[PDB]
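K.L.:
Input file: data.pdb. Contents: PDB, C-alpha atoms.
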```
ATOM      1  CA  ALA A   3     131.491 -83.399-137.390  1.00  0.00           C
ATOM      2  CA  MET A   4     130.188 -79.820-137.109  1.00  0.00           C
ATOM      3  CA  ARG A   5     131.600 -77.200-139.434  1.00  0.00           C
ATOM      4  CA  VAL A   6     131.166 -73.538-140.269  1.00  0.00           C
ATOM      5  CA  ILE A   7     129.138 -73.587-143.483  1.00  0.00           C
ATOM      6  CA  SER A   8     129.962 -70.342-145.260  1.00  0.00           C
ATOM      7  CA  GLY A   9     131.736 -67.005-144.994  1.00  0.00           C
ATOM      8  CA  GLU A  10     135.190 -66.106-143.761  1.00  0.00           C
ATOM      9  CA  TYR A  11     135.434 -69.180-141.497  1.00  0.00           C
ATOM     10  CA  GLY A  12     133.691 -71.511-143.957  1.00  0.00           C
ATOM     11  CA  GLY A  13     134.751 -75.142-143.781  1.00  0.00           C
ATOM     12  CA  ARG A  14     136.466 -74.889-140.400  1.00  0.00           C
ATOM     13  CA  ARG A  15     135.742 -77.725-137.942  1.00  0.00           C
ATOM     14  CA  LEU A  16     133.995 -76.890-134.655  1.00  0.00           C
ATOM     15  CA  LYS A  17     133.657 -78.862-131.429  1.00  0.00           C
ATOM     16  CA  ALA A  18     130.192 -79.931-130.299  1.00  0.00           C
ATOM     17  CA  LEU A  19     128.973 -80.181-126.727  1.00  0.00           C
ATOM     18  CA  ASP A  20     128.823 -83.779-125.497  1.00  0.00           C
ATOM     19  CA  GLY A  21     125.677 -85.482-126.762  1.00  0.00           C
ATOM     20  CA  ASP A  22     122.702 -85.647-124.450  1.00  0.00           C
ATOM     21  CA  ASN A  23     119.927 -86.899-126.775  1.00  0.00           C
ATOM     22  CA  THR A  24     118.223 -83.483-127.050  1.00  0.00           C
ATOM     23  CA  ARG A  25     116.917 -81.951-130.313  1.00  0.00           C
ATOM     24  CA  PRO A  26     119.993 -81.092-132.426  1.00  0.00           C
ATOM     25  CA  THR A  27     120.701 -78.155-134.726  1.00  0.00           C
ATOM     26  CA  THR A  28     122.216 -79.916-137.708  1.00  0.00           C
ATOM     27  CA  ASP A  29     124.647 -78.271-140.102  1.00  0.00           C
ATOM     28  CA  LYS A  30     121.972 -78.645-142.832  1.00  0.00           C
ATOM     29  CA  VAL A  31     119.454 -76.686-140.728  1.00  0.00           C
ATOM     30  CA  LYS A  32     122.132 -74.117-139.915  1.00  0.00           C
ATOM     31  CA  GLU A  33     122.797 -73.698-143.663  1.00  0.00           C
ATOM     32  CA  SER A  34     119.067 -73.435-144.374  1.00  0.00           C
ATOM     33  CA  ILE A  35     118.647 -70.756-141.706  1.00  0.00           C
ATOM     34  CA  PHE A  36     121.473 -68.554-142.862  1.00  0.00           C
ATOM     35  CA  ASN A  37     120.783 -68.870-146.560  1.00  0.00           C
ATOM     36  CA  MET A  38     117.183 -67.823-145.872  1.00  0.00           C
ATOM     37  CA  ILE A  39     117.971 -64.721-143.776  1.00  0.00           C
ATOM     38  CA  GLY A  40     121.284 -63.829-145.432  1.00  0.00           C
ATOM     39  CA  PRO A  41     123.169 -65.454-147.033  1.00  0.00           C
ATOM     40  CA  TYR A  42     125.608 -62.647-146.022  1.00  0.00           C
ATOM     41  CA  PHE A  43     125.409 -59.549-143.826  1.00  0.00           C
ATOM     42  CA  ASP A  44     126.946 -56.091-144.002  1.00  0.00           C
ATOM     43  CA  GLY A  45     127.883 -55.968-140.330  1.00  0.00           C
ATOM     44  CA  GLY A  46     125.424 -55.960-137.430  1.00  0.00           C
ATOM     45  CA  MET A  47     125.240 -57.523-133.994  1.00  0.00           C
ATOM     46  CA  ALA A  48     123.783 -60.942-133.277  1.00  0.00           C
ATOM     47  CA  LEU A  49     122.429 -62.399-130.041  1.00  0.00           C
ATOM     48  CA  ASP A  50     122.690 -66.165-129.579  1.00  0.00           C
ATOM     49  CA  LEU A  51     120.579 -66.549-126.438  1.00  0.00           C
ATOM     50  CA  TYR A  52     121.231 -70.268-125.874  1.00  0.00           C
ATOM     51  CA  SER A  53     124.609 -70.386-127.539  1.00  0.00           C
ATOM     52  CA  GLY A  54     125.915 -73.810-126.400  1.00  0.00           C
ATOM     53  CA  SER A  55     128.940 -74.594-128.548  1.00  0.00           C
ATOM     54  CA  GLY A  56     128.420 -71.341-130.451  1.00  0.00           C
ATOM     55  CA  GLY A  57     127.844 -72.675-133.968  1.00  0.00           C
ATOM     56  CA  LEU A  58     125.071 -70.214-134.903  1.00  0.00           C
ATOM     57  CA  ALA A  59     126.860 -67.190-133.417  1.00  0.00           C
ATOM     58  CA  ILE A  60     129.988 -68.134-135.340  1.00  0.00           C
ATOM     59  CA  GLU A  61     128.032 -68.662-138.567  1.00  0.00           C
ATOM     60  CA  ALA A  62     126.568 -65.145-138.230  1.00  0.00           C
ATOM     61  CA  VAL A  63     129.982 -63.481-137.814  1.00  0.00           C
ATOM     62  CA  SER A  64     131.504 -65.731-140.531  1.00  0.00           C
ATOM     63  CA  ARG A  65     128.830 -64.398-142.914  1.00  0.00           C
ATOM     64  CA  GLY A  66     129.604 -60.787-142.154  1.00  0.00           C
ATOM     65  CA  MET A  67     128.102 -59.720-138.835  1.00  0.00           C
ATOM     66  CA  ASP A  68     130.406 -57.562-136.703  1.00  0.00           C
ATOM     67  CA  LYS A  69     129.817 -59.209-133.327  1.00  0.00           C
ATOM     68  CA  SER A  70     127.851 -61.945-131.611  1.00  0.00           C
ATOM     69  CA  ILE A  71     126.881 -61.929-127.918  1.00  0.00           C
ATOM     70  CA  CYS A  72     126.606 -65.559-126.769  1.00  0.00           C
ATOM     71  CA  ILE A  73     124.627 -66.407-123.598  1.00  0.00           C
ATOM     72  CA  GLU A  74     125.382 -69.637-121.716  1.00  0.00           C
ATOM     73  CA  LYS A  75     123.461 -71.545-119.026  1.00  0.00           C
ATOM     74  CA  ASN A  76     126.041 -74.240-118.201  1.00  0.00           C
ATOM     75  CA  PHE A  77     129.651 -73.849-117.111  1.00  0.00           C
ATOM     76  CA  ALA A  78     130.673 -76.944-119.080  1.00  0.00           C
ATOM     77  CA  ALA A  79     129.833 -75.204-122.367  1.00  0.00           C
ATOM     78  CA  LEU A  80     132.260 -72.339-121.757  1.00  0.00           C
ATOM     79  CA  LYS A  81     135.428 -74.243-122.724  1.00  0.00           C
ATOM     80  CA  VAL A  82     133.784 -75.599-125.875  1.00  0.00           C
ATOM     81  CA  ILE A  83     132.589 -72.209-127.106  1.00  0.00           C
ATOM     82  CA  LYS A  84     135.994 -70.669-126.233  1.00  0.00           C
ATOM     83  CA  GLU A  85     137.750 -73.309-128.374  1.00  0.00           C
ATOM     84  CA  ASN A  86     135.362 -72.670-131.275  1.00  0.00           C
ATOM     85  CA  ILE A  87     135.814 -68.896-130.987  1.00  0.00           C
ATOM     86  CA  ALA A  88     139.594 -69.492-131.070  1.00  0.00           C
ATOM     87  CA  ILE A  89     139.163 -71.403-134.344  1.00  0.00           C
ATOM     88  CA  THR A  90     137.746 -68.190-135.892  1.00  0.00           C
ATOM     89  CA  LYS A  91     140.957 -66.389-134.847  1.00  0.00           C
ATOM     90  CA  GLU A  92     138.781 -63.271-134.292  1.00  0.00           C
ATOM     91  CA  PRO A  93     137.900 -63.456-130.553  1.00  0.00           C
ATOM     92  CA  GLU A  94     137.130 -59.726-130.440  1.00  0.00           C
ATOM     93  CA  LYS A  95     133.981 -60.418-132.508  1.00  0.00           C
ATOM     94  CA  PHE A  96     132.440 -62.544-129.721  1.00  0.00           C
ATOM     95  CA  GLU A  97     131.346 -62.020-126.166  1.00  0.00           C
ATOM     96  CA  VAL A  98     130.395 -64.992-124.027  1.00  0.00           C
ATOM     97  CA  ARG A  99     128.352 -64.349-120.888  1.00  0.00           C
ATOM     98  CA  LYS A 100     127.477 -66.963-118.290  1.00  0.00           C
ATOM     99  CA  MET A 101     124.059 -65.843-117.040  1.00  0.00           C
ATOM    100  CA  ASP A 102     120.337 -66.563-117.092  1.00  0.00           C
ATOM    101  CA  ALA A 103     118.743 -65.831-120.502  1.00  0.00           C
ATOM    102  CA  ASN A 104     116.039 -63.531-119.117  1.00  0.00           C
ATOM    103  CA  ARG A 105     118.523 -61.636-116.937  1.00  0.00           C
ATOM    104  CA  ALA A 106     120.648 -61.206-120.079  1.00  0.00           C
ATOM    105  CA  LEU A 107     117.851 -59.304-121.838  1.00  0.00           C
ATOM    106  CA  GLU A 108     117.564 -56.837-118.953  1.00  0.00           C
ATOM    107  CA  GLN A 109     121.331 -56.339-118.953  1.00  0.00           C
ATOM    108  CA  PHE A 110     121.198 -55.582-122.681  1.00  0.00           C
ATOM    109  CA  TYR A 111     118.601 -52.911-121.895  1.00  0.00           C
ATOM    110  CA  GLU A 112     120.943 -51.454-119.222  1.00  0.00           C
ATOM    111  CA  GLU A 113     123.656 -51.460-121.901  1.00  0.00           C
ATOM    112  CA  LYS A 114     121.404 -49.675-124.448  1.00  0.00           C
ATOM    113  CA  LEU A 115     122.065 -52.413-127.033  1.00  0.00           C
ATOM    114  CA  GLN A 116     120.138 -53.293-130.200  1.00  0.00           C
ATOM    115  CA  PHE A 117     120.441 -56.515-132.181  1.00  0.00           C
ATOM    116  CA  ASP A 118     120.160 -57.155-135.936  1.00  0.00           C
ATOM    117  CA  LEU A 119     119.796 -60.924-135.459  1.00  0.00           C
ATOM    118  CA  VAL A 120     118.387 -62.926-132.568  1.00  0.00           C
ATOM    119  CA  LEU A 121     118.827 -66.710-132.444  1.00  0.00           C
ATOM    120  CA  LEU A 122     116.505 -68.579-130.057  1.00  0.00           C
ATOM    121  CA  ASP A 123     117.097 -72.317-129.627  1.00  0.00           C
ATOM    122  CA  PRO A 124     115.929 -72.990-126.004  1.00  0.00           C
ATOM    123  CA  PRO A 125     115.768 -76.460-124.412  1.00  0.00           C
ATOM    124  CA  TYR A 126     112.270 -77.884-124.995  1.00  0.00           C
ATOM    125  CA  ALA A 127     111.216 -77.550-121.339  1.00  0.00           C
ATOM    126  CA  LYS A 128     112.630 -74.011-120.976  1.00  0.00           C
ATOM    127  CA  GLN A 129     111.013 -72.493-124.066  1.00  0.00           C
ATOM    128  CA  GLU A 130     109.720 -68.958-123.439  1.00  0.00           C
ATOM    129  CA  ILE A 131     110.110 -67.450-126.894  1.00  0.00           C
ATOM    130  CA  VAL A 132     106.949 -65.330-126.848  1.00  0.00           C
ATOM    131  CA  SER A 133     107.681 -63.804-123.404  1.00  0.00           C
ATOM    132  CA  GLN A 134     111.281 -63.122-124.407  1.00  0.00           C
ATOM    133  CA  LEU A 135     110.339 -61.452-127.670  1.00  0.00           C
ATOM    134  CA  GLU A 136     107.797 -59.314-125.818  1.00  0.00           C
ATOM    135  CA  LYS A 137     110.649 -58.309-123.473  1.00  0.00           C
ATOM    136  CA  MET A 138     112.894 -57.445-126.431  1.00  0.00           C
ATOM    137  CA  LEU A 139     110.142 -55.224-127.848  1.00  0.00           C
ATOM    138  CA  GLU A 140     109.452 -53.636-124.448  1.00  0.00           C
ATOM    139  CA  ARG A 141     113.135 -52.764-123.981  1.00  0.00           C
ATOM    140  CA  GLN A 142     113.696 -51.783-127.637  1.00  0.00           C
ATOM    141  CA  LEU A 143     116.457 -54.341-128.105  1.00  0.00           C
ATOM    142  CA  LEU A 144     115.892 -54.729-131.868  1.00  0.00           C
ATOM    143  CA  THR A 145     117.228 -52.731-134.810  1.00  0.00           C
ATOM    144  CA  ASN A 146     114.757 -51.547-137.450  1.00  0.00           C
ATOM    145  CA  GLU A 147     115.502 -54.506-139.756  1.00  0.00           C
ATOM    146  CA  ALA A 148     116.164 -57.088-137.063  1.00  0.00           C
ATOM    147  CA  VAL A 149     115.355 -60.693-137.823  1.00  0.00           C
ATOM    148  CA  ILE A 150     114.491 -63.372-135.209  1.00  0.00           C
ATOM    149  CA  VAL A 151     115.249 -67.030-135.882  1.00  0.00           C
ATOM    150  CA  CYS A 152     113.522 -69.554-133.554  1.00  0.00           C
ATOM    151  CA  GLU A 153     114.271 -73.268-133.402  1.00  0.00           C
ATOM    152  CA  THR A 154     111.678 -75.444-131.655  1.00  0.00           C
ATOM    153  CA  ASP A 155     110.326 -78.966-131.689  1.00  0.00           C
ATOM    154  CA  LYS A 156     107.914 -79.461-134.591  1.00  0.00           C
ATOM    155  CA  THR A 157     105.040 -79.719-132.023  1.00  0.00           C
ATOM    156  CA  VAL A 158     105.438 -76.114-130.774  1.00  0.00           C
ATOM    157  CA  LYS A 159     102.744 -73.655-131.957  1.00  0.00           C
ATOM    158  CA  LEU A 160     104.320 -70.192-132.215  1.00  0.00           C
ATOM    159  CA  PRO A 161     101.902 -67.310-132.860  1.00  0.00           C
ATOM    160  CA  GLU A 162     101.603 -65.342-136.122  1.00  0.00           C
ATOM    161  CA  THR A 163     101.968 -62.051-134.279  1.00  0.00           C
ATOM    162  CA  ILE A 164     104.081 -61.070-131.272  1.00  0.00           C
ATOM    163  CA  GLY A 165     103.530 -57.384-130.562  1.00  0.00           C
ATOM    164  CA  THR A 166     104.874 -55.605-133.625  1.00  0.00           C
ATOM    165  CA  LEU A 167     106.654 -58.743-134.878  1.00  0.00           C
ATOM    166  CA  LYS A 168     105.100 -60.860-137.612  1.00  0.00           C
ATOM    167  CA  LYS A 169     105.943 -64.435-138.573  1.00  0.00           C
ATOM    168  CA  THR A 170     107.435 -64.276-142.056  1.00  0.00           C
ATOM    169  CA  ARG A 171     108.463 -67.919-142.615  1.00  0.00           C
ATOM    170  CA  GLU A 172     108.128 -71.288-140.923  1.00  0.00           C
ATOM    171  CA  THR A 173     109.741 -74.495-142.170  1.00  0.00           C
ATOM    172  CA  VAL A 174     110.079 -77.963-140.664  1.00  0.00           C
ATOM    173  CA  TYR A 175     113.266 -79.957-141.211  1.00  0.00           C
ATOM    174  CA  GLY A 176     112.666 -83.406-139.745  1.00  0.00           C
ATOM    175  CA  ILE A 177     111.676 -82.671-136.157  1.00  0.00           C
ATOM    176  CA  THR A 178     113.225 -79.156-136.077  1.00  0.00           C
ATOM    177  CA  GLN A 179     110.922 -76.225-136.741  1.00  0.00           C
ATOM    178  CA  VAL A 180     112.510 -72.953-137.877  1.00  0.00           C
ATOM    179  CA  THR A 181     110.366 -69.851-137.405  1.00  0.00           C
ATOM    180  CA  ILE A 182     111.290 -66.383-138.638  1.00  0.00           C
ATOM    181  CA  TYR A 183     109.946 -63.066-137.288  1.00  0.00           C
ATOM    182  CA  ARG A 184     110.434 -59.521-138.600  1.00  0.00           C
ATOM    183  CA  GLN A 185     108.924 -56.131-137.552  1.00  0.00           C
TER     184      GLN A 185
END
```
If you took the structure in this file and wrote it as structure tokens, what would it be?

P.N.:
Amino acid sequence: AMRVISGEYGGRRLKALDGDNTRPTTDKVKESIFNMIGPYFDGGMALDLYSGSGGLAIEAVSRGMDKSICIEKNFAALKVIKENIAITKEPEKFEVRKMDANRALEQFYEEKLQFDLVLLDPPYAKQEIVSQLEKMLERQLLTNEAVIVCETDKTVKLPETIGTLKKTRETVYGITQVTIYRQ
């Protein structure tokens, strides 16, 4: 069963969305991601653009980030992420918004926000990572030391360079590819 790996909420059990045979984000991959980019953070704001049950957003805050904004496509996910946020007992550190992912980026621009961590785990058929990152650069949605974590099927070919972002690491764990970008 899914669990927070490390940090303040480490070891706490989380609820997963109902299975639908799509590419998972395993706890082992989650651990690998956060140990690579962290393992801990001195504050900051994270964006979890396809948050689902919220495991990555929660891991970020557990490990020291001040706040995660979690974007959701499907109404059904809202009760699951709410339950998981409740398990942290720090609901003020999370914001869940039910809206289109691309519309979310333009709202963040309206809100004059910048993110220290961006987590991008789109459904395979809705993957627009390069366009989205170009949008984030266009709208200056990234802090100076922001890091982007992408999760894709191992068959996806993400570019070495996206505007001022450069791929710094890329690792395959089974069929899940984790790609890291930094400015």

K.L.:
If the PyMOL selection byres ((chain A and resi 104) around 12) is run on the structure shown, which residues does it catch, given as a PDB file with C-alpha atoms, in the coordinates of the input?

P.N.:
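Resulting contents of result28.pdb:
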```
ATOM      1  CA  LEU A  51     120.579 -66.549-126.438  1.00  0.00           C
ATOM      2  CA  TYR A  52     121.231 -70.268-125.874  1.00  0.00           C
ATOM      3  CA  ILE A  73     124.627 -66.407-123.598  1.00  0.00           C
ATOM      4  CA  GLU A  74     125.382 -69.637-121.716  1.00  0.00           C
ATOM      5  CA  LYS A  75     123.461 -71.545-119.026  1.00  0.00           C
ATOM      6  CA  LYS A 100     127.477 -66.963-118.290  1.00  0.00           C
ATOM      7  CA  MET A 101     124.059 -65.843-117.040  1.00  0.00           C
ATOM      8  CA  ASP A 102     120.337 -66.563-117.092  1.00  0.00           C
ATOM      9  CA  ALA A 103     118.743 -65.831-120.502  1.00  0.00           C
ATOM     10  CA  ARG A 105     118.523 -61.636-116.937  1.00  0.00           C
ATOM     11  CA  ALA A 106     120.648 -61.206-120.079  1.00  0.00           C
ATOM     12  CA  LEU A 107     117.851 -59.304-121.838  1.00  0.00           C
ATOM     13  CA  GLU A 108     117.564 -56.837-118.953  1.00  0.00           C
ATOM     14  CA  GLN A 109     121.331 -56.339-118.953  1.00  0.00           C
ATOM     15  CA  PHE A 110     121.198 -55.582-122.681  1.00  0.00           C
ATOM     16  CA  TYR A 111     118.601 -52.911-121.895  1.00  0.00           C
ATOM     17  CA  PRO A 124     115.929 -72.990-126.004  1.00  0.00           C
ATOM     18  CA  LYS A 128     112.630 -74.011-120.976  1.00  0.00           C
ATOM     19  CA  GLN A 129     111.013 -72.493-124.066  1.00  0.00           C
ATOM     20  CA  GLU A 130     109.720 -68.958-123.439  1.00  0.00           C
ATOM     21  CA  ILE A 131     110.110 -67.450-126.894  1.00  0.00           C
ATOM     22  CA  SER A 133     107.681 -63.804-123.404  1.00  0.00           C
ATOM     23  CA  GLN A 134     111.281 -63.122-124.407  1.00  0.00           C
ATOM     24  CA  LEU A 135     110.339 -61.452-127.670  1.00  0.00           C
ATOM     25  CA  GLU A 136     107.797 -59.314-125.818  1.00  0.00           C
ATOM     26  CA  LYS A 137     110.649 -58.309-123.473  1.00  0.00           C
ATOM     27  CA  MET A 138     112.894 -57.445-126.431  1.00  0.00           C
TER      28      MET A 138
END
```

K.L.:
Considering all atoms listed in the file, state which residue in the set A:89, A:40, A:35, A:26 is at the smallest distance from residue 12 in chain A.

P.N.:
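When distances to residue 12 in chain A are compared using all atoms listed in the file, the smallest one comes from A:89.
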
K.L.:
Report, in Å to a single decimal, how far apart CA of residue 68 in chain A and CA of residue 37 in chain A are.

P.N.:
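Computed distance, CA of residue 37 in chain A to CA of residue 68 in chain A, equals 17.8 Å.
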
K.L.:
Name the residues captured by the PyMOL selection byres ((chain A and resi 148) around 7) when it is applied to the shown file; answer as a list in words.

P.N.:
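Evaluating the PyMOL selection byres ((chain A and resi 148) around 7) on these coordinates yields residues 117, 118, 119, 144, 145, 146, 147, 149, 150 and 184 of chain A.
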
K.L.:
Mind checking which residues fall within 9 Å of residue 171 in chain A, counting all atoms listed in the file, ignoring those fewer than 5 positions away in the same chain, and posting them as a PyMOL selection string?

P.N.:
chain A and resi 180-183

K.L.:
Draw an axis-aligned box over all listed atoms of range 63-67 of chain A, pad each side with 5 Å, and write its centre and edge lengths in Å, one decimal, as AutoDock Vina command-line options.

P.N.:
```
--center_x 129.8 --center_y -62.7 --center_z -140.4 --size_x 13.4 --size_y 16.0 --size_z 15.1
```

K.L.:
Counting all atoms listed in the file, which residues sit no farther than 10 Å from the position (129.7, -83.8, -125.9) in the file's frame? I'd like them as a PDB file with C-alpha atoms, keeping the file's coordinate frame.

P.N.:
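Writing done, so here's out.pdb:
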```
ATOM      1  CA  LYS A  17     133.657 -78.862-131.429  1.00  0.00           C
ATOM      2  CA  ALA A  18     130.192 -79.931-130.299  1.00  0.00           C
ATOM      3  CA  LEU A  19     128.973 -80.181-126.727  1.00  0.00           C
ATOM      4  CA  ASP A  20     128.823 -83.779-125.497  1.00  0.00           C
ATOM      5  CA  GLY A  21     125.677 -85.482-126.762  1.00  0.00           C
ATOM      6  CA  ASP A  22     122.702 -85.647-124.450  1.00  0.00           C
ATOM      7  CA  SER A  55     128.940 -74.594-128.548  1.00  0.00           C
ATOM      8  CA  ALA A  78     130.673 -76.944-119.080  1.00  0.00           C
ATOM      9  CA  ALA A  79     129.833 -75.204-122.367  1.00  0.00           C
ATOM     10  CA  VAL A  82     133.784 -75.599-125.875  1.00  0.00           C
TER      11      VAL A  82
END
```

K.L.:
Between CA of residue 154 in chain A and CA of residue 60 in chain A, what is the spacing in Å?

P.N.:
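Those two atoms sit 20.1 Å apart.
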